[PDB]
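Everything below belongs to query.cif, which stores mmCIF, C-alpha atoms.
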```
data_upload
#
loop_
_atom_site.group_PDB
_atom_site.id
_atom_site.type_symbol
_atom_site.label_atom_id
_atom_site.label_comp_id
_atom_site.auth_asym_id
_atom_site.auth_seq_id
_atom_site.Cartn_x
_atom_site.Cartn_y
_atom_site.Cartn_z
ATOM 1 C CA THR A 72 157.241 2.523 -103.966
ATOM 2 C CA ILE A 73 157.189 -1.039 -102.629
ATOM 3 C CA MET A 74 160.936 -0.689 -102.029
ATOM 4 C CA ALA A 75 160.385 2.162 -99.571
ATOM 5 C CA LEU A 76 157.922 0.071 -97.554
ATOM 6 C CA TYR A 77 160.501 -2.706 -97.222
ATOM 7 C CA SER A 78 163.037 -0.134 -96.039
ATOM 8 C CA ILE A 79 160.675 1.141 -93.338
ATOM 9 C CA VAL A 80 159.868 -2.274 -91.866
ATOM 10 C CA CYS A 81 163.462 -3.518 -92.060
ATOM 11 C CA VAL A 82 164.910 -0.538 -90.194
ATOM 12 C CA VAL A 83 162.318 -0.888 -87.434
ATOM 13 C CA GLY A 84 162.935 -4.637 -87.409
ATOM 14 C CA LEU A 85 166.604 -4.335 -86.511
ATOM 15 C CA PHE A 86 165.945 -1.230 -84.398
ATOM 16 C CA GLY A 87 163.493 -3.053 -82.152
ATOM 17 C CA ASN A 88 165.389 -6.304 -81.737
ATOM 18 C CA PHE A 89 168.839 -5.277 -80.497
ATOM 19 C CA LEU A 90 167.314 -2.851 -77.994
ATOM 20 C CA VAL A 91 165.117 -5.697 -76.750
ATOM 21 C CA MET A 92 168.055 -8.114 -76.857
ATOM 22 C CA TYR A 93 170.268 -5.811 -74.783
ATOM 23 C CA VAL A 94 167.501 -5.172 -72.247
ATOM 24 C CA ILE A 95 167.007 -8.833 -71.302
ATOM 25 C CA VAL A 96 170.686 -9.197 -70.343
ATOM 26 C CA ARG A 97 171.256 -5.739 -68.843
ATOM 27 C CA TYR A 98 168.879 -6.232 -65.885
ATOM 28 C CA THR A 99 168.809 -9.195 -63.508
ATOM 29 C CA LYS A 100 165.092 -8.617 -62.892
ATOM 30 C CA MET A 101 164.304 -10.100 -66.329
ATOM 31 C CA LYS A 102 165.965 -13.526 -65.982
ATOM 32 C CA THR A 103 162.650 -15.390 -65.841
ATOM 33 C CA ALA A 104 161.895 -18.348 -68.087
ATOM 34 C CA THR A 105 159.793 -16.527 -70.690
ATOM 35 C CA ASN A 106 162.458 -13.944 -71.522
ATOM 36 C CA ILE A 107 164.865 -16.749 -72.469
ATOM 37 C CA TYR A 108 162.470 -17.775 -75.237
ATOM 38 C CA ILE A 109 161.822 -14.126 -76.109
ATOM 39 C CA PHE A 110 165.569 -13.750 -76.651
ATOM 40 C CA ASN A 111 165.549 -16.619 -79.151
ATOM 41 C CA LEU A 112 162.496 -15.212 -80.936
ATOM 42 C CA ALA A 113 164.099 -11.778 -81.250
ATOM 43 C CA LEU A 114 167.345 -13.366 -82.457
ATOM 44 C CA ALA A 115 165.507 -15.301 -85.162
ATOM 45 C CA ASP A 116 163.566 -12.250 -86.326
ATOM 46 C CA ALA A 117 166.704 -10.088 -86.364
ATOM 47 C CA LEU A 118 168.586 -12.649 -88.448
ATOM 48 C CA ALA A 119 165.632 -12.990 -90.829
ATOM 49 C CA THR A 120 165.561 -9.208 -91.270
ATOM 50 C CA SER A 121 169.331 -8.929 -91.794
ATOM 51 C CA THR A 122 169.098 -10.261 -95.361
ATOM 52 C CA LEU A 123 166.435 -7.768 -96.475
ATOM 53 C CA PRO A 124 168.784 -5.177 -98.078
ATOM 54 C CA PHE A 125 170.788 -7.919 -99.806
ATOM 55 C CA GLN A 126 167.723 -9.526 -101.379
ATOM 56 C CA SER A 127 165.970 -6.244 -102.191
ATOM 57 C CA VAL A 128 169.017 -4.816 -103.984
ATOM 58 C CA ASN A 129 168.676 -7.583 -106.583
ATOM 59 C CA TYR A 130 165.524 -5.914 -107.957
ATOM 60 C CA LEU A 131 167.489 -3.169 -109.727
ATOM 61 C CA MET A 132 170.536 -5.265 -110.659
ATOM 62 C CA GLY A 133 169.245 -8.776 -111.302
ATOM 63 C CA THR A 134 172.723 -10.191 -110.662
ATOM 64 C CA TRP A 135 174.093 -11.480 -107.361
ATOM 65 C CA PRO A 136 177.361 -9.572 -106.723
ATOM 66 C CA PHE A 137 178.200 -10.618 -103.157
ATOM 67 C CA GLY A 138 179.440 -14.179 -103.695
ATOM 68 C CA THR A 139 178.307 -17.796 -103.595
ATOM 69 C CA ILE A 140 178.913 -18.354 -99.873
ATOM 70 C CA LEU A 141 176.861 -15.272 -99.005
ATOM 71 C CA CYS A 142 173.988 -16.588 -101.132
ATOM 72 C CA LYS A 143 174.370 -19.873 -99.241
ATOM 73 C CA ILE A 144 174.211 -18.107 -95.874
ATOM 74 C CA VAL A 145 171.249 -15.927 -96.892
ATOM 75 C CA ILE A 146 169.221 -18.915 -98.061
ATOM 76 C CA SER A 147 170.215 -20.738 -94.871
ATOM 77 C CA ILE A 148 168.998 -17.868 -92.674
ATOM 78 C CA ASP A 149 165.716 -17.631 -94.572
ATOM 79 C CA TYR A 150 165.078 -21.355 -94.214
ATOM 80 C CA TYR A 151 166.107 -21.350 -90.543
ATOM 81 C CA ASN A 152 163.743 -18.551 -89.504
ATOM 82 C CA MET A 153 160.589 -20.449 -90.494
ATOM 83 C CA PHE A 154 161.502 -23.425 -88.297
ATOM 84 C CA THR A 155 163.069 -21.629 -85.333
ATOM 85 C CA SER A 156 160.271 -19.098 -84.852
ATOM 86 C CA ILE A 157 157.483 -21.674 -84.800
ATOM 87 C CA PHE A 158 159.413 -24.092 -82.591
ATOM 88 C CA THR A 159 160.216 -21.306 -80.121
ATOM 89 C CA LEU A 160 156.534 -20.368 -79.975
ATOM 90 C CA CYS A 161 155.624 -24.022 -79.401
ATOM 91 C CA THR A 162 158.122 -24.245 -76.537
ATOM 92 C CA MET A 163 156.708 -21.023 -75.072
ATOM 93 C CA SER A 164 153.187 -22.447 -75.168
ATOM 94 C CA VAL A 165 154.320 -25.683 -73.513
ATOM 95 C CA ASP A 166 156.140 -23.697 -70.813
ATOM 96 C CA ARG A 167 153.033 -21.645 -70.066
ATOM 97 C CA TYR A 168 150.979 -24.850 -69.963
ATOM 98 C CA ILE A 169 153.196 -26.500 -67.361
ATOM 99 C CA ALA A 170 153.239 -23.230 -65.412
ATOM 100 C CA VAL A 171 149.434 -23.094 -65.271
ATOM 101 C CA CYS A 172 148.420 -26.712 -64.791
ATOM 102 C CA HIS A 173 151.333 -28.085 -62.704
ATOM 103 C CA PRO A 174 152.684 -25.306 -60.464
ATOM 104 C CA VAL A 175 154.190 -27.753 -57.957
ATOM 105 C CA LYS A 176 156.198 -29.531 -60.650
ATOM 106 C CA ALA A 177 156.873 -26.216 -62.404
ATOM 107 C CA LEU A 178 158.539 -25.008 -59.202
ATOM 108 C CA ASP A 179 161.420 -27.404 -59.888
ATOM 109 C CA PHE A 180 161.085 -27.965 -63.646
ATOM 110 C CA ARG A 181 161.167 -24.354 -64.936
ATOM 111 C CA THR A 182 164.541 -23.048 -63.759
ATOM 112 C CA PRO A 183 166.132 -20.581 -66.226
ATOM 113 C CA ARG A 184 169.503 -22.357 -66.256
ATOM 114 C CA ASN A 185 167.921 -25.566 -67.566
ATOM 115 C CA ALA A 186 165.521 -23.601 -69.770
ATOM 116 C CA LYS A 187 168.560 -22.189 -71.575
ATOM 117 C CA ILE A 188 169.323 -25.600 -73.111
ATOM 118 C CA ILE A 189 165.948 -25.525 -74.876
ATOM 119 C CA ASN A 190 167.272 -22.842 -77.230
ATOM 120 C CA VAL A 191 170.228 -24.949 -78.365
ATOM 121 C CA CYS A 192 167.946 -27.973 -78.663
ATOM 122 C CA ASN A 193 165.677 -25.917 -80.937
ATOM 123 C CA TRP A 194 168.652 -24.795 -83.026
ATOM 124 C CA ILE A 195 169.864 -28.392 -83.360
ATOM 125 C CA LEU A 196 166.421 -29.606 -84.417
ATOM 126 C CA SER A 197 166.044 -26.847 -87.017
ATOM 127 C CA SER A 198 169.572 -27.581 -88.245
ATOM 128 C CA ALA A 199 168.274 -30.739 -89.955
ATOM 129 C CA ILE A 200 166.462 -28.525 -92.448
ATOM 130 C CA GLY A 201 169.064 -25.763 -92.279
ATOM 131 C CA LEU A 202 172.081 -27.691 -93.557
ATOM 132 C CA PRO A 203 170.787 -29.604 -96.631
ATOM 133 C CA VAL A 204 169.054 -26.439 -97.820
ATOM 134 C CA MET A 205 172.361 -24.732 -97.091
ATOM 135 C CA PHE A 206 174.170 -27.600 -98.821
ATOM 136 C CA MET A 207 172.551 -27.421 -102.258
ATOM 137 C CA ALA A 208 172.648 -23.615 -102.285
ATOM 138 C CA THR A 209 175.354 -22.360 -104.664
ATOM 139 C CA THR A 210 175.332 -19.795 -107.457
ATOM 140 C CA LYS A 211 174.827 -21.021 -111.020
ATOM 141 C CA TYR A 212 175.562 -19.050 -114.184
ATOM 142 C CA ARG A 213 172.169 -18.427 -115.799
ATOM 143 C CA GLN A 214 171.437 -17.243 -119.342
ATOM 144 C CA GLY A 215 173.180 -13.912 -118.766
ATOM 145 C CA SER A 216 172.604 -12.891 -115.150
ATOM 146 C CA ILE A 217 173.929 -14.735 -112.110
ATOM 147 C CA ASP A 218 171.083 -16.433 -110.232
ATOM 148 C CA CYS A 219 171.335 -17.711 -106.656
ATOM 149 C CA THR A 220 169.005 -20.723 -106.602
ATOM 150 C CA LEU A 221 168.870 -24.354 -105.476
ATOM 151 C CA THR A 222 169.593 -27.649 -107.208
ATOM 152 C CA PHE A 223 168.519 -31.255 -106.703
ATOM 153 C CA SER A 224 169.185 -34.751 -108.026
ATOM 154 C CA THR A 227 163.976 -32.236 -109.532
ATOM 155 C CA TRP A 228 160.419 -33.510 -109.948
ATOM 156 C CA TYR A 229 160.952 -35.478 -106.725
ATOM 157 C CA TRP A 230 163.032 -33.231 -104.469
ATOM 158 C CA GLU A 231 161.395 -29.892 -105.295
ATOM 159 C CA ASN A 232 158.060 -31.322 -104.158
ATOM 160 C CA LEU A 233 159.522 -33.347 -101.276
ATOM 161 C CA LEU A 234 161.124 -30.339 -99.593
ATOM 162 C CA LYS A 235 157.871 -28.379 -99.809
ATOM 163 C CA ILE A 236 155.638 -31.125 -98.423
ATOM 164 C CA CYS A 237 158.113 -31.852 -95.630
ATOM 165 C CA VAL A 238 158.390 -28.192 -94.614
ATOM 166 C CA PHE A 239 154.618 -27.706 -94.704
ATOM 167 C CA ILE A 240 153.914 -30.821 -92.633
ATOM 168 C CA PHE A 241 156.753 -30.555 -90.102
ATOM 169 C CA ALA A 242 156.858 -26.761 -89.721
ATOM 170 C CA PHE A 243 153.230 -25.587 -89.618
ATOM 171 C CA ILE A 244 150.507 -28.155 -88.941
ATOM 172 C CA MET A 245 152.012 -30.121 -86.051
ATOM 173 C CA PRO A 246 153.133 -27.047 -84.038
ATOM 174 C CA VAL A 247 149.809 -25.311 -84.704
ATOM 175 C CA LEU A 248 147.934 -28.359 -83.409
ATOM 176 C CA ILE A 249 150.165 -28.618 -80.337
ATOM 177 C CA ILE A 250 149.668 -24.930 -79.523
ATOM 178 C CA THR A 251 145.905 -25.220 -79.985
ATOM 179 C CA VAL A 252 145.680 -28.221 -77.652
ATOM 180 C CA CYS A 253 147.874 -26.519 -75.050
ATOM 181 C CA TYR A 254 145.736 -23.392 -75.020
ATOM 182 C CA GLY A 255 142.548 -25.446 -75.011
ATOM 183 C CA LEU A 256 143.751 -26.953 -71.756
ATOM 184 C CA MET A 257 144.891 -23.525 -70.535
ATOM 185 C CA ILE A 258 141.464 -21.929 -70.982
ATOM 186 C CA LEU A 259 139.793 -24.820 -69.165
ATOM 187 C CA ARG A 260 142.200 -24.421 -66.251
ATOM 188 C CA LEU A 261 141.856 -20.625 -66.124
ATOM 189 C CA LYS A 262 138.078 -20.261 -66.444
ATOM 190 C CA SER A 263 137.391 -22.459 -63.388
ATOM 191 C CA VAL A 264 139.984 -21.761 -60.647
ATOM 192 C CA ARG A 265 139.853 -18.436 -58.811
ATOM 193 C CA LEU A 266 143.407 -18.429 -57.407
ATOM 194 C CA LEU A 267 146.335 -20.236 -59.026
ATOM 195 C CA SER A 268 149.385 -19.409 -56.898
ATOM 196 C CA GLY A 269 147.362 -18.689 -53.748
ATOM 197 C CA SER A 270 148.185 -14.963 -53.724
ATOM 198 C CA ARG A 271 146.703 -11.930 -55.445
ATOM 199 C CA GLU A 272 150.145 -10.641 -56.469
ATOM 200 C CA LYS A 273 150.966 -13.710 -58.606
ATOM 201 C CA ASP A 274 147.699 -14.770 -60.258
ATOM 202 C CA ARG A 275 147.339 -11.409 -62.006
ATOM 203 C CA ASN A 276 150.903 -11.543 -63.326
ATOM 204 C CA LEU A 277 150.444 -15.116 -64.538
ATOM 205 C CA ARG A 278 147.237 -14.267 -66.405
ATOM 206 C CA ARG A 279 148.846 -11.170 -67.935
ATOM 207 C CA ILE A 280 151.870 -13.120 -69.164
ATOM 208 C CA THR A 281 149.649 -15.838 -70.637
ATOM 209 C CA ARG A 282 147.633 -13.169 -72.452
ATOM 210 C CA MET A 283 150.854 -11.715 -73.866
ATOM 211 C CA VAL A 284 151.981 -15.124 -75.132
ATOM 212 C CA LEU A 285 148.574 -15.706 -76.728
ATOM 213 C CA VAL A 286 148.631 -12.327 -78.485
ATOM 214 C CA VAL A 287 152.111 -12.941 -79.897
ATOM 215 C CA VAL A 288 151.160 -16.428 -81.101
ATOM 216 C CA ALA A 289 147.979 -15.159 -82.766
ATOM 217 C CA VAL A 290 149.838 -12.352 -84.539
ATOM 218 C CA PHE A 291 152.459 -14.808 -85.790
ATOM 219 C CA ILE A 292 149.815 -17.232 -87.064
ATOM 220 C CA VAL A 293 147.866 -14.507 -88.867
ATOM 221 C CA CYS A 294 151.008 -13.123 -90.491
ATOM 222 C CA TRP A 295 152.601 -16.412 -91.576
ATOM 223 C CA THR A 296 149.440 -18.248 -92.675
ATOM 224 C CA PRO A 297 149.018 -16.864 -96.243
ATOM 225 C CA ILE A 298 152.489 -17.638 -97.584
ATOM 226 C CA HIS A 299 152.406 -21.379 -96.873
ATOM 227 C CA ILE A 300 148.998 -21.796 -98.513
ATOM 228 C CA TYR A 301 150.163 -19.766 -101.517
ATOM 229 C CA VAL A 302 153.308 -21.892 -101.867
ATOM 230 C CA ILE A 303 151.347 -25.146 -101.631
ATOM 231 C CA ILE A 304 148.705 -24.102 -104.164
ATOM 232 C CA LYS A 305 151.347 -22.736 -106.545
ATOM 233 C CA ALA A 306 153.340 -25.972 -106.387
ATOM 234 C CA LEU A 307 150.205 -28.117 -106.791
ATOM 235 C CA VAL A 308 147.806 -26.619 -109.341
ATOM 236 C CA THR A 309 150.267 -24.728 -111.606
ATOM 237 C CA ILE A 310 148.249 -21.503 -111.654
ATOM 238 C CA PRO A 311 148.521 -19.583 -114.959
ATOM 239 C CA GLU A 312 150.713 -16.513 -114.605
ATOM 240 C CA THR A 313 149.166 -13.049 -114.429
ATOM 241 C CA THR A 314 150.130 -9.561 -113.291
ATOM 242 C CA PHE A 315 147.485 -9.742 -110.558
ATOM 243 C CA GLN A 316 148.840 -13.152 -109.564
ATOM 244 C CA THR A 317 152.374 -11.725 -109.445
ATOM 245 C CA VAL A 318 151.382 -8.803 -107.227
ATOM 246 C CA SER A 319 149.396 -11.093 -104.911
ATOM 247 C CA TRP A 320 152.340 -13.489 -104.602
ATOM 248 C CA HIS A 321 154.690 -10.618 -103.764
ATOM 249 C CA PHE A 322 152.243 -9.141 -101.240
ATOM 250 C CA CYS A 323 152.088 -12.500 -99.466
ATOM 251 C CA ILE A 324 155.877 -12.543 -99.024
ATOM 252 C CA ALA A 325 155.889 -8.927 -97.844
ATOM 253 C CA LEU A 326 153.182 -9.685 -95.274
ATOM 254 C CA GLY A 327 155.140 -12.714 -94.112
ATOM 255 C CA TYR A 328 158.285 -10.640 -93.640
ATOM 256 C CA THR A 329 156.548 -7.757 -91.849
ATOM 257 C CA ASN A 330 155.881 -10.023 -88.852
ATOM 258 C CA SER A 331 159.534 -9.816 -87.814
ATOM 259 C CA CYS A 332 159.269 -6.108 -86.948
ATOM 260 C CA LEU A 333 155.972 -6.251 -85.032
ATOM 261 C CA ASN A 334 157.153 -8.216 -81.983
ATOM 262 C CA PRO A 335 159.399 -5.533 -80.383
ATOM 263 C CA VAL A 336 156.476 -3.112 -80.604
ATOM 264 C CA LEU A 337 153.859 -5.701 -79.621
ATOM 265 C CA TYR A 338 155.769 -6.298 -76.383
ATOM 266 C CA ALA A 339 155.454 -2.612 -75.484
ATOM 267 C CA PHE A 340 151.692 -2.478 -74.909
ATOM 268 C CA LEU A 341 151.229 -5.817 -73.126
ATOM 269 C CA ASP A 342 154.179 -6.329 -70.765
ATOM 270 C CA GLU A 343 154.792 -3.902 -67.905
ATOM 271 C CA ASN A 344 158.513 -4.618 -67.484
ATOM 272 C CA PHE A 345 159.405 -3.903 -71.113
ATOM 273 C CA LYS A 346 157.020 -0.938 -71.251
ATOM 274 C CA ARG A 347 158.664 0.697 -68.236
ATOM 275 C CA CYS A 348 162.237 -0.148 -69.223
ATOM 276 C CA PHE A 349 161.855 1.219 -72.750
ATOM 277 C CA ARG A 350 161.044 4.658 -71.332
ATOM 278 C CA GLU A 351 163.690 4.194 -68.634
ATOM 279 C CA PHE A 352 166.294 4.188 -71.405
ATOM 280 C CA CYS A 353 164.546 7.141 -73.058
ATOM 281 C CA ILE A 354 164.468 9.095 -69.777
#
```
Would you write the structure of this file as structure tokens?
Amino acid sequence: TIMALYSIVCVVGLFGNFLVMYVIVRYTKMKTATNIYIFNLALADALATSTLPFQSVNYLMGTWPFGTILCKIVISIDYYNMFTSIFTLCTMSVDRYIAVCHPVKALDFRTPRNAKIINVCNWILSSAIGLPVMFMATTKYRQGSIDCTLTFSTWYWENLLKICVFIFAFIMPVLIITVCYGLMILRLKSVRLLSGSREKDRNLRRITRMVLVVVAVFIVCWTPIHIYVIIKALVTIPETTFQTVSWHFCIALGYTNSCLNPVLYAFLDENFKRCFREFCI
């Protein structure tokens, strides 16, 4: 039955993203700074959800049939998503911060053309974890069924990769986002008019609320899996059926976040809400 649930979320995951991805390009009215980052976020989620049928098929076969390079690319996508999503959210939070606190500087510093380079900078930065993880990935003939796993030079590297990913992928971006929004709330809850007009302050507050909701959903969804990985790699918990089902539920909950964003944009943003029905009309 758990296989059906994965099928439901995956189909919605790809269904939401490409429709969102097409929309941002197919209308000049959505070329603002935030949609550039939304494009990257949707791209990352769509790539992360592309490998779901490949991985899930291995339940009933237990043998990787596709090839070693495809296992390499799947592991690479999985390891990319965790970095790219969080770094994109951090960049979004920083962008909203400069928009709120420094509107005069943001007038010249937030152009979309120069905000496009932030995406490739994010990809380059995540590439440092993408390629080595991609590098060691290659199929190895197990004790009777082909297993797509990793290899090292292991008591050192298997722990080193985990501590590095936990430190440089979760805690620092979470702290940066928290500080940014702590400044944002202080700025918002004291000034009555930001841009000097009633037609801009409302839109700015609405867009900041949307960013906050997306960030909170992402944090809630992705929190359990990192803690579970750390505790599993530290304490060496004795195996149990309940432990197995909890560990699998954590991964499922982590993956389900990729399909929520295209729907979460529908009930918070007016442009996307109207233009979804515009296609349907």
Study note, to complete from the structure: Restricting to only C-alpha atoms, whichever of A:317, A:155, A:162, A:309 is closest to residue 199 (chain A) is A:155
Study note, to complete from the structure: Of A:238, A:200, A:332, A:261, the one nearest to residue 167 (chain A) when counting only C-alpha atoms is A:261
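The spacing separating CA of residue 254 (chain A) from CA of residue 175 (chain A) amounts to 19.5 Å.
When the PyMOL selection byres ((chain A and resi 138) around 12) is run on the displayed coordinates, the residues it returns are residues 125, 134, 135, 136, 137, 139, 140, 141, 142, 143, 144, 145, 208, 209, 210, 211, 217, 218 and 219 of chain A.
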Point to revise | Result set of the PyMOL selection byres ((chain A and resi 251) around 12) on the coordinates above, as a PyMOL selection string | key: chain A and resi 160-161+164-165+168+244-250+252-258+285+288-289+292
Exercise for review: Have a look at A:214, A:224, A:263, A:78 and name the one nearest to residue 128 (chain A); count only C-alpha atoms.
Suggested key: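 The shortest atom-to-atom distance to residue 128 (chain A) comes from A:78.
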Practice item. Can you give me, as a ChimeraX atom specification, the residues this file yields under the PyMOL selection byres ((chain A and resi 201) around 8)? Key: /A:147-148,150-151,197-200,202-205
Exercise for review: Check the smallest atom-to-atom distance from each of A:344, A:190, A:121, A:129 to residue 279 (chain A) using all atoms listed in the file, then report the winner.
Suggested key: A:344
Review point. Quick one: distance from CA of residue 320 (chain A) to CA of residue 120 (chain A) in Å, one decimal?
Key: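 These two atoms are separated by 19.3 Å.
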Check your understanding: To one decimal place, how far is CA of residue 110 (chain A) from CA of residue 159 (chain A) in Å?
Key ->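 Going from CA of residue 110 (chain A) over to CA of residue 159 (chain A), I get 9.9 Å.
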**Study point:** Pick from A:91, A:323, A:307, A:117, whichever lies nearest to residue 338 (chain A) using all atoms listed in the file
**Key:**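 For residue 338 (chain A), the nearest of the given residues is A:91.
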Check your understanding: Out of A:97, A:305, A:347, A:299, which residue has the shortest atom-to-atom distance to residue 242 (chain A) when counting only C-alpha atoms?
Key -> A:299
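Every protein, DNA or RNA residue with an atom at most 12 Å from residue 321 (chain A), where all atoms listed in the file count and chain neighbours fewer than 3 positions away do not, is listed here: residues 73, 74, 77, 297, 298, 301, 302, 314, 315, 316, 317, 318, 324, 325, 326, 327 and 328 of chain A.
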Check your understanding: Using only C-alpha atoms, which residues sit within 12 Å of residue 351 (chain A) once same-chain residues fewer than 6 positions away are excluded, as a ChimeraX atom specification?
Key -> /A:94,98,344-345
Give me, as a compact mmCIF listing (two decimals) with C-alpha atoms, keeping the file's coordinate frame, all polymer residues having an atom no more than 9 Å from residue 116 (chain A), counting only C-alpha atoms and skipping those fewer than 5 positions away in the same chain.
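Saved file selection17.txt follows:
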```
# COMPACT_ATOMS: atom_id res chain seq x y z
CA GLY A 84 162.94 -4.64 -87.41
CA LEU A 85 166.60 -4.34 -86.51
CA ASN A 88 165.39 -6.30 -81.74
CA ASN A 111 165.55 -16.62 -79.15
CA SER A 121 169.33 -8.93 -91.79
CA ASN A 152 163.74 -18.55 -89.50
CA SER A 156 160.27 -19.10 -84.85
CA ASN A 330 155.88 -10.02 -88.85
CA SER A 331 159.53 -9.82 -87.81
CA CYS A 332 159.27 -6.11 -86.95
CA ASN A 334 157.15 -8.22 -81.98
```
Region 325-336 of chain A from the block above, N, CA, C and O atoms, as a PDB file, in the first residue's frame, please?
```pdb
ATOM      1  N   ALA A 325       9.848   9.053   3.509  1.00  0.00           N
ATOM      2  CA  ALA A 325       8.641   9.388   2.758  1.00  0.00           C
ATOM      3  C   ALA A 325       8.188  10.814   3.055  1.00  0.00           C
ATOM      4  O   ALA A 325       7.809  11.563   2.144  1.00  0.00           O
ATOM      5  N   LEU A 326       8.224  11.207   4.331  1.00  0.00           N
ATOM      6  CA  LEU A 326       7.824  12.559   4.703  1.00  0.00           C
ATOM      7  C   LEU A 326       8.789  13.590   4.140  1.00  0.00           C
ATOM      8  O   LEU A 326       8.384  14.699   3.774  1.00  0.00           O
ATOM      9  N   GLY A 327      10.076  13.250   4.078  1.00  0.00           N
ATOM     10  CA  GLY A 327      11.029  14.147   3.451  1.00  0.00           C
ATOM     11  C   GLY A 327      10.768  14.326   1.968  1.00  0.00           C
ATOM     12  O   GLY A 327      10.905  15.428   1.433  1.00  0.00           O
ATOM     13  N   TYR A 328      10.392  13.244   1.284  1.00  0.00           N
ATOM     14  CA  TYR A 328      10.155  13.335  -0.154  1.00  0.00           C
ATOM     15  C   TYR A 328       8.841  14.034  -0.478  1.00  0.00           C
ATOM     16  O   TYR A 328       8.726  14.665  -1.535  1.00  0.00           O
ATOM     17  N   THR A 329       7.840  13.928   0.400  1.00  0.00           N
ATOM     18  CA  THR A 329       6.533  14.502   0.084  1.00  0.00           C
ATOM     19  C   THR A 329       6.584  16.022  -0.022  1.00  0.00           C
ATOM     20  O   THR A 329       5.675  16.631  -0.595  1.00  0.00           O
ATOM     21  N   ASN A 330       7.626  16.651   0.526  1.00  0.00           N
ATOM     22  CA  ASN A 330       7.722  18.107   0.477  1.00  0.00           C
ATOM     23  C   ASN A 330       7.835  18.619  -0.950  1.00  0.00           C
ATOM     24  O   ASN A 330       7.441  19.754  -1.234  1.00  0.00           O
ATOM     25  N   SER A 331       8.368  17.803  -1.859  1.00  0.00           N
ATOM     26  CA  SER A 331       8.608  18.275  -3.218  1.00  0.00           C
ATOM     27  C   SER A 331       7.309  18.542  -3.969  1.00  0.00           C
ATOM     28  O   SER A 331       7.290  19.360  -4.894  1.00  0.00           O
ATOM     29  N   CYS A 332       6.223  17.865  -3.602  1.00  0.00           N
ATOM     30  CA  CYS A 332       4.953  18.035  -4.294  1.00  0.00           C
ATOM     31  C   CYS A 332       4.051  19.085  -3.659  1.00  0.00           C
ATOM     32  O   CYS A 332       3.040  19.451  -4.265  1.00  0.00           O
ATOM     33  N   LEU A 333       4.382  19.575  -2.465  1.00  0.00           N
ATOM     34  CA  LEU A 333       3.506  20.532  -1.797  1.00  0.00           C
ATOM     35  C   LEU A 333       3.625  21.933  -2.383  1.00  0.00           C
ATOM     36  O   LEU A 333       2.627  22.657  -2.462  1.00  0.00           O
ATOM     37  N   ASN A 334       4.827  22.334  -2.795  1.00  0.00           N
ATOM     38  CA  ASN A 334       5.064  23.722  -3.193  1.00  0.00           C
ATOM     39  C   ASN A 334       4.166  24.204  -4.328  1.00  0.00           C
ATOM     40  O   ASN A 334       3.605  25.305  -4.208  1.00  0.00           O
ATOM     41  N   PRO A 335       3.988  23.469  -5.433  1.00  0.00           N
ATOM     42  CA  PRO A 335       3.078  23.964  -6.479  1.00  0.00           C
ATOM     43  C   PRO A 335       1.656  24.175  -5.993  1.00  0.00           C
ATOM     44  O   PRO A 335       0.955  25.049  -6.516  1.00  0.00           O
ATOM     45  N   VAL A 336       1.204  23.396  -5.012  1.00  0.00           N
ATOM     46  CA  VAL A 336      -0.117  23.630  -4.443  1.00  0.00           C
ATOM     47  C   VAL A 336      -0.066  24.756  -3.418  1.00  0.00           C
ATOM     48  O   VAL A 336      -0.974  25.591  -3.356  1.00  0.00           O
TER      49      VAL A 336
END
```
